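*Asks:* Protein chains in written order, with the deposited numbering: chain L, 3 to 212; chain H, 1 to 224. Note that the Cβ used here is the ideal one computed from N, Cα and C, for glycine as well. Submitted below is the structure of interest, expressed as structure tokens.
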Amino acid sequence: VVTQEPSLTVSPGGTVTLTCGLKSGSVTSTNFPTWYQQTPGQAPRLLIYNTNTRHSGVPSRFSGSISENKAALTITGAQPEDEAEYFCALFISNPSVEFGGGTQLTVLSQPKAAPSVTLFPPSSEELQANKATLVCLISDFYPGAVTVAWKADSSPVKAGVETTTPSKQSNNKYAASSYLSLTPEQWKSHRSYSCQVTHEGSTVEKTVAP
Amino acid sequence: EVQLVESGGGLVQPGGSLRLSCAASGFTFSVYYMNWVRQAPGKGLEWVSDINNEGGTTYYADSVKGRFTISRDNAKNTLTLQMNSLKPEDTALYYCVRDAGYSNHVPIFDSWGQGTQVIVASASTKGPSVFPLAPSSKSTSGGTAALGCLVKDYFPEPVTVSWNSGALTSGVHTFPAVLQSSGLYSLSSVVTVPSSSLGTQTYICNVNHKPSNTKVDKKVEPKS
Ligand SMILES: [Ca+2]
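Set out below in structure tokens:
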């Protein structure tokens, strides 16, 4: 498992470092780290390979290294067009590479705005149809990046979660939705379920109960 | 310039198959290892398969072994992905991708197509179930309440949602749909209204799914 920060921010002209680690083990030169950039609506582009080699035409402001057992991409003097998803790829074993989950880099262009979160429990109607969907709606945030975690009582729940990529609203802030599917018995048998939304290091958690 | 143009994707049912094809141009195709790499709706990149210059050596991601077959034709300048025995996993954007060839062991991807979407959808045309989201004021401004409709499990896009036959337009937020692992869409529409109106004003969401010729007008009531 290759690990990258879900999202990071930088001001125009600022400096930011993205990292790329392994869940089990240290990243070293023989993982031959590669970095790819994906600007919105475009195909990925090769930035850096062999840890620190820039591909032809890549600006010098992009630098690759290994530090503290992780691969690192440093952007020094960030430009608006550097707003993109960055993917690292590590070589662990033949025949190919493993990718990190990607880091969404926002180059700040408006003030930060915290998300509003609304959580709806399953309707009685839906339960009568032998299904159960919790609905977590997230609006008015910037940067347009959040992480959503669900809990059954106090325990994390992974399976049955569908979450949208954030999209720009009318007002230029972002919105996203997350849904948790449960059986009616799961819904009834737990004390509560929670939707936890993380945005720029702050968390908002709403909880509903049968 | 280099072009890698993917075709042959699109909608497929779980029991079906697809033959993706990449038309390569603007470079000597036969000189390079070629790859498929995919990107799932809201996820990262995943290498799928590669093939050596002359086609005698192929490699696969563990999870596609025995299901997909990569092949190439150096005269037609094509790379092919035969996708059989499909899974929800397979819904993704599929990129045709050149290995720069710097290394014998490490694929380094220097040229990517725009990709073509594959959706493994359990139904070709399905109308939504519509569930009411009973009003709550826990997360709204004082004196208001948020109520909505969950528009679940429809295909293909789009649906339209109005409130009170178009007579309520203020405070409406219809969220972008999620494409679920089942290959069906779900969305929510939420309207914020005065809390005092909950006793007096009828709220109905008008859902229209033209592809399935389905219309649902769901009354959303307080849930005492
Ligand atoms: Ca390759």
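Please name the residue in L:209, L:45 and L:51 whose C-alpha comes closest to that of residue 139 of chain H.
*Replies:* Taking the second sequence and counting its residues from 1, the one referred to as residue 139 of chain H is at position 139. For the residues L:209, L:45 and L:51, the minimum Cα distance to residue 139 of chain H belongs to L:209.
*Asks:* According to DSSP, is residue 29 of chain H part of a helix, a strand, or is it coil?
*Replies:* Translated into the one-based positions of the second sequence, residue 29 of chain H becomes position 29. Note: residue 29 of chain H maps to helix in three-state DSSP.
*Asks:* Look at the alpha carbon of residue 205 of chain H and the alpha carbon of residue 198 of chain H, and state the distance between them as a whole number of angstroms.
*Replies:* Locating residue 205 of chain H in the second sequence gives position 205, where the first residue counts as 1. Locating residue 198 of chain H in the second sequence gives position 198, where the first residue counts as 1. Going by the C-alpha atoms only, they are around 15 Å apart.
*Asks:* So for residue 129 of chain L, helix, strand or coil by DSSP?
*Replies:* Locating residue 129 of chain L in the first sequence gives position 127, counting from the first residue. Correct three-state label for residue 129 of chain L: helix.
*Asks:* Ligand 1: which residues have Cβ under 6 Å from any of its heavy atoms, chain order?
*Replies:* Here the list is H:33, H:35, H:50, H:99 and H:107.
*Asks:* Leaving aside the five residues before and after residue 131 of chain L along the sequence, list all residues of the same chain whose C-beta is less than 7 Å from its C-beta, in chain order.
*Replies:* As a position in the first sequence, residue 131 of chain L is number 129, starting the count at 1. There are no such residues.
*Asks:* From the beta carbon of residue 103 of chain L, is the nearest beta carbon of chain H less than 8 Å away?
*Replies:* Here residue 103 of chain L is taken as the residue at index 101 of the first sequence, counted from 1. Closer than 8 Å to some Cβ of chain H, the Cβ of residue 103 of chain L qualifies, so yes.
*Asks:* Check for me: the beta strand (DSSP E) holding residue 135 of chain H runs from which residue to which?
*Replies:* By 1-based counting over the second sequence, the position of residue 135 of chain H is 135. Segment 129 to 136, the beta strand (DSSP E) holding residue 135 of chain H.
*Asks:* Determine which residues share a DSSP beta bridge with residue 146 of chain H and list them.
*Replies:* Looking up residue 146 of chain H in the second sequence gives position 146. DSSP output for residue 146 of chain H lists H:136 and H:192 as bridge partner(s).
*Asks:* Using Cβ-Cβ distances below 8 Å, what residues of the segment 77 to 91 of chain H are close to chain L?
*Replies:* From the segment 77 to 91 of chain H, no residue has a Cβ closer than 8 Å to chain L.
*Asks:* Taking the Cβ atom as the reference point for each residue, do residue 136 of chain H and residue 195 of chain H lie within a distance shorter than 8 Å?
*Replies:* The sequence position of residue 136 of chain H within the second sequence is 136, counting from 1. The sequence position of residue 195 of chain H within the second sequence is 195, counting from 1. No, Cβ-Cβ distance for residue 136 of chain H and residue 195 of chain H is not below 8 Å.
*Asks:* Tell me, please, whether the segment 26 to 33 of chain H touches the segment 81 to 89 of chain H by the rule of three or more beta-carbon pairs shorter than 8 Å.
*Replies:* Result no; under three Cβ-Cβ pairs closer than 8 Å.
*Asks:* In chain order, what are the residue ranges of uninterrupted beta strand (DSSP E) at least 3 long that sit wholly in the segment 150 to 212 of chain L?
*Replies:* Qualifying beta strand (DSSP E) stretches, in chain order: 157 to 159, 163 to 165, 176 to 184, 195 to 201 and 204 to 210.
*Asks:* Which residues in chain H sit within 7 Å of residue 137 of chain L, going by Cβ to Cβ distance?
*Replies:* Position 135 of the first sequence, counted from the first residue, corresponds to residue 137 of chain L. Under the 7 Å cutoff, chain H gives 133, 150 and 188.
*Asks:* With burial defined as no fewer than 16 other Cβ atoms inside 10 Å of the residue's Cβ, what is the status of residue 105 of chain H: buried or exposed?
*Replies:* Looking up residue 105 of chain H in the second sequence gives position 105. The residue is exposed, with fewer than 16 neighbouring Cβ atoms inside 10 Å.
*Asks:* Looking at residue 121 of chain H and residue 184 of chain H, is the spacing between their C-beta atoms short of 8 Å?
*Replies:* Stepping through the second sequence from its first residue, residue 184 of chain H is reached at position 184. Stepping through the second sequence from its first residue, residue 121 of chain H is reached at position 121. Their beta carbons are under 8 Å apart, which means residue 184 of chain H touches residue 121 of chain H by this criterion.
*Asks:* Is the CB-CB distance between residue 8 of chain L and residue 103 of chain L below 8 Å?
*Replies:* Here residue 8 of chain L corresponds to residue number 6 of the first sequence, with the count starting at 1. Here residue 103 of chain L corresponds to residue number 101 of the first sequence, with the count starting at 1. Yes, the Cβ-Cβ distance between residue 8 of chain L and residue 103 of chain L is below 8 Å.
*Asks:* State the DSSP-derived secondary structure class of residue 69 of chain H, mapped to helix, strand or coil.
*Replies:* Numbered from its first residue, the second sequence carries residue 69 of chain H at position 69. It is a strand residue.
*Asks:* Out of H:149, H:82, H:181 and H:8, which has the shortest C-alpha to C-alpha gap to residue 192 of chain H?
*Replies:* Here residue 192 of chain H refers to the residue found at position 192 of the second sequence. Cα-wise, what sits closest to residue 192 of chain H is H:149.
*Asks:* Under a CB-based cut-off of 8 Å, is residue 7 of chain L close to chain H?
*Replies:* Numbered from its first residue, the first sequence carries residue 7 of chain L at position 5. False, the Cβ-Cβ gap to chain H never drops below 8 Å.
*Asks:* Give every residue of the same chain whose Cβ lies closer than 6 Å to the Cβ of residue 21 of chain L, excluding the five residues on either side of it in the sequence, and list them in chain order.
*Replies:* Numbered from 1 along the first sequence, position 19 holds the residue referred to as residue 21 of chain L. Once the five neighbours on either side are set aside, the close Cβ partners of residue 21 of chain L are 72 and 74.
*Asks:* In whole angstroms, give me the CA-to-CA distance for residue 42 of chain H and residue 206 of chain L.
*Replies:* Start at 1 with the first residue of the second sequence, and residue 42 of chain H comes out as number 42. Start at 1 with the first residue of the first sequence, and residue 206 of chain L comes out as number 204. The alpha-carbon atoms of residue 42 of chain H and residue 206 of chain L are separated by roughly 21 Å.
*Asks:* Of the choices L:166, L:169, L:84 and L:154, whose alpha-carbon is the least far from that of residue 192 of chain L?
*Replies:* Here residue 192 of chain L is taken as the residue at index 190 of the first sequence, counted from 1. Nearest C-alpha to residue 192 of chain L: L:154.
*Asks:* Run through DSSP, which three-state label would residue 31 of chain L get?
*Replies:* As a working mapping, residue 31 of chain L is identified with position 29 in the first sequence. Note: residue 31 of chain L maps to helix in three-state DSSP.
*Asks:* Suppose you measure from the CA of residue 194 of chain L to the CA of residue 211 of chain L; what does that come to, to the nearest Å?
*Replies:* Your numbering for residue 194 of chain L matches position 192 in the first sequence. Your numbering for residue 211 of chain L matches position 209 in the first sequence. Distance between the alpha carbons of residue 194 of chain L and residue 211 of chain L: 4 Å.
*Asks:* Out of curiosity, what's the CA-to-CA distance linking residue 95 of chain L and residue 63 of chain H?
*Replies:* By one-based count along the first sequence, residue 95 of chain L stands at place 93. By one-based count along the second sequence, residue 63 of chain H stands at place 63. Approximately 16 Å, taken between the alpha carbons.
*Asks:* Please compile the residues from chain H whose C-beta is within a distance smaller than 9 Å of the C-beta of residue 48 of chain L.
*Replies:* Sequence index remark: in the first sequence, residue 48 of chain L carries index 46 (1-based). Simply 100, 108, 109, 110, 111 and 112.
*Asks:* How would you label residue 240 of chain H, buried or exposed, when you count the other beta carbons within 10 angstroms and need 16 or more for buried?
*Replies:* In this structure chain H extends from 1 to 224, so residue 240 of chain H is not present and cannot be described.
*Asks:* Would you verify that the beta carbon of residue 209 of chain H is, or is not, closer than 8 Å to some beta carbon of chain L?
*Replies:* Numbered from its first residue, the second sequence carries residue 209 of chain H at position 209. Not closer than 8 Å to any Cβ of chain L, the Cβ of residue 209 of chain H fails to qualify, so no.
*Asks:* Cβ of residue 44 of chain H less than 8 Å from any chain L Cβ?
*Replies:* If you number the second sequence from 1, residue 44 of chain H lands on position 44. Residue 44 of chain H counts as touching chain L.
*Asks:* Across the segment 73 to 87 of chain L and the segment 32 to 50 of chain L, are there enough close Cβ pairs to call them in contact, namely three or more that are closer than 8 Å?
*Replies:* Touching, yes.
*Asks:* Checking the sheet assignment: what are the DSSP bridge partners for residue 3 of chain H?
*Replies:* By 1-based counting over the second sequence, the position of residue 3 of chain H is 3. Answer by DSSP bridge pairing, in chain order: H:25.
*Asks:* Exposed or buried, what is residue 2 of chain H when buried is set at 16 or more other beta-carbons lying within 10 Å of its beta-carbon?
*Replies:* Position 2 of the second sequence holds residue 2 of chain H. Exposed.
*Asks:* Using 8 Å as the threshold, is the C-beta distance between residue 90 of chain L and residue 136 of chain L below it?
*Replies:* Within the first sequence, residue 90 of chain L is the residue found at index 88, counting from 1. Within the first sequence, residue 136 of chain L is the residue found at index 134, counting from 1. Taking 8 Å as the Cβ cut-off, residue 90 of chain L and residue 136 of chain L do not qualify as a contacting pair.
*Asks:* Taking Cβ to Cβ, would you say residue 27 of chain L is nearer than 8 Å to residue 5 of chain L?
*Replies:* Your numbering for residue 27 of chain L matches position 25 in the first sequence. Your numbering for residue 5 of chain L matches position 3 in the first sequence. Not in contact: residue 27 of chain L and residue 5 of chain L (Cβ atoms no closer than 8 Å).
*Asks:* Quick one: measure Cβ to Cβ for residue 132 of chain H and residue 127 of chain L, integer angstroms, because I've assumed they're closer than 8 Å.
*Replies:* Position 132 of the second sequence holds residue 132 of chain H. Position 125 of the first sequence holds residue 127 of chain L. Between residue 127 of chain L and residue 132 of chain H the Cβ distance is about 7 Å, and since that is below 8 Å, they are a contact.
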